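Here's a solo chain for you in structure tokens, the form deposited in one PDB entry.
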């Protein structure tokens, strides 16, 4: 592993996104860029790919596709395949669909054939960009030369963004909210997050849009990818799960959005956060060593209220079982989870795919970092879209919930750089 000192006056997010744009374009390869605690890890090129679908698990390496049938928990099937990738490389990267978390609640039968659950790959090369340095892992002569070419040219200036209209309601979000409210009033469930897609009528430049949005967002994690026909970027507002090599499991649920003093005193925000903390604690307990489950920094301010649920991974459990136990996040699903998830199948455009799922980074040492996929842009086929939702409770009003989606979309809407 060779290192290059980081040039002065260069933001690591800008350089990592530029390396993903220029280097990957020149060699015409798939990639995933993941931002995790000041490190921007560019996973470049697909050495091997694990595709977990509702009805099949495939492992693709050098054009050879191996197909397997699988039963039981999807986390066990994904874990087994991902552990094999990690015998060859130090790290693996990918995304996990919202649909991966439905099996736990007895909803596997509702999934159509070929429904994607997860896409995890081992990269050919890794470029780690931080404020201090640029670290190269398994970088061939072509990659080294292309990186050197980038450092010499410097970073491109970000063009002005192109606006998008979010005022239409073609999916009938308002009507769908009204149905959810009626179901809550009838005591079917307490909460459900419903969403709407917003079509972007022009092609966007993903690395340039990523750079622009990143200068106006402070996320828990962020990502930029081009993998298997999918382009995506996002500013993850929540950590679903983080598993360390030592076995420490962390989950950080968030709630609500000087005074400041209002958020800490709001009864409606305190109850929802406490219910979620209790839910996360009950789930982490199923995979944790007895008595290791604890809430650190309960209901502390982070423009939002949040808590850190910590535990120690039981020897009879694993990282995927920890991910599966916490999936999907309460933030993007519902309370109770089982009824909330089922309501999403009926009242939301399904399959959700990447939206409200997770973007993951795994390590050979047993590490796992899973960021909740929200505040993300997607491009699949000739379709470019944004997706945002809102938590629906008994008191919820359809027109108010629609305005809330507009606010959540405003994290991306002013920062869309058109493809030139």
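For clarity, a rigid core is taken as the largest C-alpha set superposing within 1.5 Å between two forms. Positions refer to the first chain, counted from 1.
Note that the form deposited with a small molecule bound isn't included here; everything after this is about it.
- Using a 4.5 angstroms limit between non-hydrogen atoms, residue 319 is distant from the small molecule in the entry with it bound.
- Taking the partner from elsewhere, residue 86 is found to have every heavy atom lying beyond 4.5 Å of the small molecule in the entry with it bound.
- Proximity of residue 170 to the small molecule in the entry with it bound falls outside the 4.5 Å heavy atom cutoff.
- In the entry with it bound, the small molecule lies farther than 4.5 Å from every heavy atom of residue 229.
- The stretch from 188-196, 109-117, 206-214, 170-178 that comes within 4.5 Å of the small molecule in the entry with it bound, counting heavy atoms only, is 188-196.
- In terms of contact with the small molecule in the entry with it bound, the residue from 263, 151, 166, 335 that brings a heavy atom within 4.5 Å is 335.
- In summary, among the residues 136, 275, 350, 158, the only one with a non-hydrogen atom within 4.5 Å of the small molecule in the entry with it bound is 275.
- After superposition on the rigid core, the C-alpha displacement between this form and the one not shown reaches 2 Å or more for just one residue among 146, 136, 197, 250, namely 146.
- Residue 160: CA moves less than 2 Å between this form and the one not shown after rigid-core fitting.
- Core-superposed comparison between this form and the one not shown: the C-alpha position of residue 115 differs by less than 2 Å.
- After superposing the rigid core, the C-alpha of residue 267 moves by 2 Å or more between this form and the one not shown.
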